Structures are given as structure tokens and as C-alpha cells.
Amino acid sequence: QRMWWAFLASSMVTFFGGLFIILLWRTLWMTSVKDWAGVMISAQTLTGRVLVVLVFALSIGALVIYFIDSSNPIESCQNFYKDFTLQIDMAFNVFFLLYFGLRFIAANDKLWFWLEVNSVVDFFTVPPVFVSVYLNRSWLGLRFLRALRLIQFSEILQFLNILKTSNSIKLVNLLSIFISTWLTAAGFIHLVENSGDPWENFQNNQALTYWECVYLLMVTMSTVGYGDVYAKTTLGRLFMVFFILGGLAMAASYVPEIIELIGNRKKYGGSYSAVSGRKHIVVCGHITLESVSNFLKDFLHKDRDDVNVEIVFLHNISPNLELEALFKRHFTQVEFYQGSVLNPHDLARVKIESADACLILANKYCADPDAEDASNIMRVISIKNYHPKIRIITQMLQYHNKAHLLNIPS
Amino acid sequence: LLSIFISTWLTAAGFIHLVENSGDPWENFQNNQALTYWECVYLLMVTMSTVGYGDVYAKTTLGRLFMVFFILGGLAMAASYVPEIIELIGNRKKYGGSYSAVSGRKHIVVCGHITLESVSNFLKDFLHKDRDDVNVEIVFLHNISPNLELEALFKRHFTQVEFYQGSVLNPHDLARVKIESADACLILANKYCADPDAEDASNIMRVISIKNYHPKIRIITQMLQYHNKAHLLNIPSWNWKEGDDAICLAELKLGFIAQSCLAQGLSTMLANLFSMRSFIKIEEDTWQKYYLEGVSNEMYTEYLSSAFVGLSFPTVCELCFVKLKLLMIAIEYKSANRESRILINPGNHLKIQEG
Amino acid sequence: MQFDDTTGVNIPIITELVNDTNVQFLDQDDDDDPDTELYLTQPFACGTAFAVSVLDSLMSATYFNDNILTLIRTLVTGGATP
Ligand SMILES: CC(C)CCC[C@@H](C)[C@H]1CC[C@H]2[C@@H]3CC=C4C[C@@H](O)CC[C@]4(C)[C@H]3CC[C@]12C
Ligand SMILES: CC(C)CCC[C@@H](C)[C@H]1CC[C@H]2[C@@H]3CC=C4C[C@@H](O)CC[C@]4(C)[C@H]3CC[C@]12C
Ligand SMILES: [K+]
Ligand SMILES: [K+]
Ligand SMILES: [K+]
Ligand SMILES: [K+]
């Protein structure tokens, strides 16, 4: 009195016999309606957008219906007119069938359209409910596969103008994929465990709820494995072995994308934060180990009277290990930021408009002293263009170049 | 590797099954555990993933010793085969593959010296917010992989801009970006190079390659030196009348400067006249509002109506300014003796012809 | 170029090329396609392009028969005796 084979074989034949028919045909006014169906379901059309939003919402509803019905016996008789929840489910299913037909009549190629995820979930969803309403006896089958539509969720978030950047869209896509595969693996485990082994007259059934199977999958994939719940049936244990192996492979395949979305942390980004009752000096120019070491040795002398002045270094070249150690030794008085004086955004970052002074150090060991002097004069011009009233102390290599400083009215 | 993994899994399961079902010999085989072979396969898989449910486990002393050895040896074996797994996985090519065409949407191939500044300026003018809706995508083709700044800039325009690693001189890469269906190819030059002539020759060779692949595609190229663009006339597929253009940077820049020497501010006027500028409403009495009133103007070309034929240029210009509120600057004069020539503000002796 | 007593298209030239893929840039009347091999292009078949890479094949030809190089040298260099 268990005719689940009919429900399974319905999906099997609707997936295989029609594919074989298409293959046989290939081995051997419709254009207008095909183009109309293609433009009707196109993503550029507003009708296509509202229709895919509607089908996403109805797939969510079907998933909730499966969640409600999972607490019931898997294969049981029911009446068409005695409950309207099954009527809602079959209305959803016939809407899915109509949308599948619209996609099928608008498909440029039949074989590739017949071998995609939406087609196979429709094949495993709609013929079972047709057989159920024909025989007036339902079977909880592969209805969890509707969760596989959650992958399209990010696309909906792109149609609603909620997601704009590419990184957020890809993050939502990966999260949706992970959640959907988790839910569908839990559904397979729940079905195989609660049904029992067929060759042993279904005497191996284990009364596990769907959420206990979700919990089991989460405990397994973290490699924690409490053993409070586990699969007891032979086919369930085979499914768990396959799930462990496939999940290991899938996690290994998605490591580079996780690394890419994590990215690299900028060590010396961000902006200086002012402290009330405390001045700061911006230091720029040729920032290396020796010049900074000498300047800090005299400026932060132990015999110097208590002065509440912080030092903010601004330099585009990232410091090496020795400069990093030197900055760490004075971590309570010295901060470093990566940036250029010639960029006004970086000047706003170090709060040059409230700094007490700007000190510009020169490269004493350079091939062309005149080029170094001109670069420093241009730094002075940039700083004074941003804030004309700030005090500037600069280093000049050659004597004839400092006359250029008199050409700056600030 | 797959065969090695499967074989060692099966033989470890066989050892565990034998030792567990036989029992300990020194205790008269009273420690036997009735485990099937497939339960031992399942046990080995659960162990080597470090999940360890504990629903099934080895109970005998020799079985537990075998399991300890299996854990240690499997750890060592997995550690030894990591480099081979990495090698077979390899490195994913970030910018491989081919451009996929979309029906009812044109695309432009951009090549040459592709860096941050040139791409930024071109995209700032091309993808302007005030630009009328144009369904044109941009496909960059360049052998040098982009850096972090170019990657961020391409990500900001991920819905309109795609990048591909490849060379213009390679016909496979030209087939990848679908140069045979592109609306145009735009070649940018390296303005900061040691030898401008070498850069110009390289760009001319890129033009030769593109025209050899597809002779009918429209090409807009940048030329550094003026004497080099004559080489473009040696290409029989190069058609100036069909839209092929060379923009000479030196000639145009120094001509702008010379005309501003004759009348200062002319370079600013011309640059604002062909650039897209967003209009800003100013109500304060400053010079910015008077400036921005005239910034919004642009150049257009139109065929004169048949009612203007036989009339002098000053008459039609005054009619356009007073009635139509349009400033007509120049006309295109055609003749049988010579080619078409652009006439800037011709005198009253000239008369408007047909078309 | 154009000449008066008429065009440079009939002037016989030979061009040395380093890359074989650049041979099809030398001719415009060719009906060749991008996938055409070097020896089937018009510039190669007409002798107006010399690809240096052919010498790389000569080494292999020398391995299977050492007299080929001697014949080529005595036919090509003009008769240079030892
Ligand atoms: C990719 C998927 C759709 C194809 C794999 C086939 C799956 C769906 C099939 C193959 C074997 C099937 C199982 C075989 C036997 C039974 C016992 C019975 O009480 C119904 C459910 C259950 C437990 C079946 C569920 C569906 C099942 C797991
Ligand atoms: C390289 C491999 C072949 C060498 C490993 C040694 C093998 C041959 C030996 C070492 C100890 C042996 C076990 C010792 C005791 C018993 C109990 C008895 O009921 C027979 C099987 C069993 C369980 C033996 C199986 C074979 C065994 C595992
Ligand atoms: K454990
Ligand atoms: K345990
Ligand atoms: K455990
Ligand atoms: K303008």
C-alpha cells in the first residue's frame, strides 16, 4: 500500500522519455509566437521582472508548505475538497508548469534547456502533484528542491535596486547557494531516514524531524559530529558519505572566492582622529629610517619638558620592518598614514587644517638635488593651497632654490 | 590519484573488518563485533573526515591499534598529496574567456595603452550621467593585467565595462572580443614614452592587424607625432570617408595653444564645446553663473533645409540666429573639381547649394 | 608610391620577418583567413616574404640527413670551398 514508485517514475519518465524524443528528433507562424514568448519573459521587460519576482515568492510559499507538511506521514491519503492548502499547492504547481511551458516555447535550444536546474526541479515537482491529485493520495517526495530557487534571490535584489556594488551581489549569491544546498541536503536526509529502506519493508525508519536533519547537516559539515543524531538507514548513510565528500570538494572549490571577497586589509588606511587639548604635527617628504630616527630622537627627548604634541607621518611608500619597529616603539606618540601630500583627500585625512605645523624632510642622497628641491617646493604649494595659514618648516638642498619659496604669496 | 585513494580506502576497510569480526586472539575471540564490510567503509570515511560520530567504532584492542595507525598514516598521506592537489587545481585565469554578445546592444573594443588615467578620462566622458541613453558596452583588450586601482574602476562600472587579457596582434584574441561585430575600435596611445615614433609604429601595426582581420570596422586611433599618420594612408582598408580617424595629440594641442595665442580663452571654449558638462544652478551673483550659462553648449551637424538654397551664408546665419536661435558656424561645400571642404564663415558671395 | 613616365604594387620586394603570424600583414589581395598556416599564405607562396623560422626546421632536416645541409650551402652561398 505504498505507491511512491508511481510518483518517482512519473518524474523519471517526464525527464528521460521526452529527452530521448528530443534526441531522436535531432538525429532525424510559430516564429512570431516564439519571439513573443521570448520577449515576454526577457529580463529587460518589466513583465519579465514582475513575473520572476512572483515565481520567487511562490517558490518561497511552496517551501513553507513543505516545511508545514514535513511533520506529517510521508505517504498518506487525502481529499481534494476537504482541505484548501493542497489546492494552494497545486495552484502553485500549475503556475510553475505554465511558466515552464512559456520558457520551453521561447527556448532557442531544447537540449540545453532540458538540462538545467529549474527544468529538473519542475520535473520533480509537478508530475508528482499531478499523480497525487489523480490518485487522491499524497506522497512527501522531493518538494524540498524548490529551495534550489533561492540562488536567484540576489537577482531579485538587483531588480529592486537594493544591491548596487558587485561585491555585495556576489556575497548574497554565495550565501544563497550555501543556504539552498544546506536545505536540500537536509531534505534528502529527512526523506531517506523517515521513509526507511525499501528492501527491508520500511522497518528501518527513524522518526527525525526536518529541523533535526538541518542540525545534523550543520554538525557534520563543521566536522564536529556529536553523534546525538545520525543516519541509521543504509541509503541514508550512503547519502551522508556522499554529502561529506561532495561538501569537502565544494568547500575546497569556493576558497578562492572567499579569499577574494575578504580581500587584503589596508594596514595604514583611515584618517587621523583629533584629541581635544592636544596638538599634532604633520611630517612628510623623504620618510625613511635615518631621518625619522634622528628627528624623533631630538623631538621626543626624555629631558624635554612635557609637551602634548603628537606626530602624524604621511607617506605613500609603506614602511619596512625597521620603520615599523620604530613606529611601534613610539606607538603612543607617533602615527603613520599612507598617502600623498599632493592629494587633497590625504591632506583632509591627516587633518592638516588643524595641525600646528607641517615639516618637510628632503632626500639628501639623490641624483638631482634640483629635482628634489622642486618636488618639495611643489609640496609646499599644495599644502598652502589647501590651508594658507599653516606653518611650514621645509628642508632645502641647494641655496639657489629657496628663492622659489618667495614666489608663493601664502 | 582517485584510484589510489579508493584502493587505500577499500583495503583499510578490509583490515578493519577482518580484525573486528575475528576478535582478539589472546582472549579466545570473545571480542568480536558483527560489523559488515560496508559499515567499516562508512567508519573509515567518517574517521578520515575527522567527523567521528561514534555510532560505529572499533572495539577490539588490535582494531583500535589499527585505527590509531590509520589516523596517523592518513594524516601523513593527506599532507604529502597537498602539492599535487594544488597543481591539478591550478590557478584560475581571472580575465580569460570570450565576450558574449547581447542582441540589441552594441559594443566598442578599446585597446592600446590601457592604464588608470586614460581609461578614467575616457570613461568619465563616455559614461556621463547627462549622456542620453545609449546601449553600448565597452570591452577592453590588454595583455597587461590590471592593478588594484583599475580593478576597482572596472568594478564601479561592472554593468557597462568588461576587461579581457589578450593582444590585438593575435587573431584568436580578436575573435574572443567579437571584433567582427563591434561598432568601433578605439586605440589609445602612451603619451609618456621614450620614443614617440616607436609608439606610433606599434599603434599603426595594431591598426593593420585589426583591418586585416576585419576591413570594414571603424577605427579611431591616437597618434603622437604628426608625420606618422601618413603611414595610415598606406593601408588600403583605411577609409577616412567611412569614419576612420586619427587624433594627433601634438598637432591638436599645439594648435589649441596657437589659436589661444591669437585669442585667449579659445582653448577653454573649444574644450567645453565638445565635452559633456553637468549643469549646476547658481543663484548668487558670481562669475560662475555667467560661465555655466555658456558651458552647456555643444556642437551639432545638420542638413540645411531646401528653403535655404540660393541664399548667401550671412543671410542663412542671421535667419538661424534670429528665428531658430541657432548659431551656424561652418558649412560643408562640395564641388566636382575637388573634394568636400569645410568652410568657416564664408562670405556673402557664396550661396547655399542643395543638401 | 606612385611614379610617372605607375605604382609600387608591381615592385619586387623581399621582407625579412621574425614572426610567422605577421606574414599576412604584407599582402592585401590575399583571400586568406586568420587560421591560415605560414606556407599557404600568398606572401610566402610568392616569395615576397622570408620567414627566418624556416631555418629552425632545417636543423631537424639535418638530423635525418646530413647531406642536405651541404647541398643547400653549395647551392646558396655561391660555392664557398673549405
Ligand atoms: C538528483 C536527484 C534528483 C536524482 C537521484 C535520485 C533520488 C532522488 C532517488 C533515488 C533513490 C530514491 C529513494 C529510493 C527509495 C525510497 C523509499 C520510499 O519510501 C520512497 C523514498 C525513497 C527514500 C527514495 C527517495 C528518492 C531517491 C533518493
Ligand atoms: C603488509 C600487510 C599485508 C602486513 C600486515 C600484517 C598482517 C598480515 C597480520 C598482522 C596481524 C594479523 C592479525 C592477527 C590476529 C588475527 C586474529 C585471527 O582470527 C585471524 C585474523 C587476525 C585479525 C590477523 C589478520 C592478519 C594480520 C593483520
Ligand atoms: K566527534
Ligand atoms: K557519541
Ligand atoms: K562523537
Ligand atoms: K558642453
Side-chain angles (χ1 to χ4, degrees), chain A residues 185 188-189 192-193 196-200 203-204 206 216-253, chain B residues 1-89:
Chain A
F188 276 101
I189 290 303
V192 68
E193 282 305 296
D197 274 340
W199 50 86
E200 292 181 354
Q203 309 298 323
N204 295 28
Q206 186 183 188
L216 171 59
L217 268 294
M218 162 65 39
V219 165
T220 307
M221 293 309 142
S222 53
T223 76
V224 174
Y226 286 123
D228 43 355
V229 295
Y230 51 88
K232 286 178 172 70
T233 72
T234 296
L235 192 61
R237 284 175 163 167
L238 180 76
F239 275 4
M240 287 304 295
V241 159
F242 286 165
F243 283 159
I244 286 168
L245 270 183
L248 189 150
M250 183 177 176
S253 71
Chain B
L1 272 70
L2 285 185
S3 294
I4 287 177
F5 163 79
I6 288 178
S7 52
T8 186
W9 184 13
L10 288 187
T11 188
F15 275 101
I16 290 303
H17 165 88
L18 175 62
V19 68
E20 282 305 296
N21 282 263
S22 76
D24 274 340
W26 50 86
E27 292 181 354
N28 290 318
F29 311 99
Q30 309 298 323
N31 295 27
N32 58 330
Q33 186 183 188
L35 289 170
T36 73
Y37 175 80
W38 306 110
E39 275 158 22
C40 289
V41 164
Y42 170 69
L43 171 59
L44 268 294
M45 162 65 38
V46 165
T47 307
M48 293 309 142
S49 53
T50 76
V51 174
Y53 286 123
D55 43 355
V56 295
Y57 51 88
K59 286 178 172 70
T60 72
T61 296
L62 192 61
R64 284 175 163 167
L65 180 76
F66 276 4
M67 287 304 295
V68 159
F69 286 165
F70 283 159
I71 286 168
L72 270 183
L75 189 150
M77 183 177 176
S80 71
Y81 280 96
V82 170
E84 293 182 354
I85 297 303
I86 292 171
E87 165 175 12
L88 273 70
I89 287 312

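All chains are named by letter (A, B, ...) in the order of the sequence lines, taking the proteins before the strands, and each is independently numbered beginning at 1. Hydrogens, waters and symmetry mates play no part in the numbers below; they use all other heavy atoms, side chains included.
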Which distance, rounded to the nearest 0.5 Å, do you find between the OG of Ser253(A) and the CD1 of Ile89(B)? 8.5 Å
List the atom of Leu217(A), the atom of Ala185(A), and the distance in Å for their closest heavy-atom pair. CD1-CB, 3.9 Å
Listing, residues 64-73 of chain B side-chain donor-acceptor contacts under 3.5 Å, not counting sequence neighbours, or none:
unit_1: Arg64(B); atom_1: NE; unit_2: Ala58(B); atom_2: O; d: 3.3

For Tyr42(B), all residues meeting side chain to side chain donor-acceptor pair (under 3.5 Å), sequence neighbours excluded: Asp55(B)
Does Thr11(B) use its side chain to pair, donor to acceptor, with the backbone of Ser7(B) at less than 3.5 Å? no
Give the minimum heavy-atom separation between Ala13(B) and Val41(B), together with the two atoms involved. CB-CG2, 3.6 Å
For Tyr230(A), is there any backbone N or O sitting under 3.5 Å from a side-chain donor or acceptor partner on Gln206(A)? yes
Listed by chain and number, what are the side-chain contact (heavy atoms from CB on, under 4.5 Å) partners of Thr36(B), not counting sequence neighbours? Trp38(B), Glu39(B)
With sequence neighbours left out, write down each residue that passes side-chain contact (heavy atoms from CB on, under 4.5 Å) with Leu43(B), or none if nothing qualifies. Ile16(B), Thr47(B), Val56(B)
Contacts of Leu88(B) that satisfy side-chain contact (heavy atoms from CB on, under 4.5 Å) - sequence neighbours left out: none
Tell me every residue that passes side-chain contact (heavy atoms from CB on, under 4.5 Å) with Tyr81(B), counting only those two or more places apart in sequence or in another chain. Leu1(B), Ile4(B), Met77(B), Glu84(B)
Residues pairing under ring pair (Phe, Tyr, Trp, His ring centres under 6.0 Å) where one sits in residues 4-29 of chain B, two or more places apart or in two chains, turn out to be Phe5(B)-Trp9(B)
Is there any salt bridge (charged side-chain N to carboxylate O under 4.0 Å, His left out) pair reaching into residues 10-28 of chain B, and which pairs are they, with sequence neighbours excluded? none
Quick one: closest heavy-atom pair of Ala78(B) and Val82(B), and the distance? O-CG2, 3.2 Å
Using only atom types and a distance under 3.5 Å, with no angle test, would you say the side chain of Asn21(B) pairs donor to acceptor with the backbone of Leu35(B)? yes
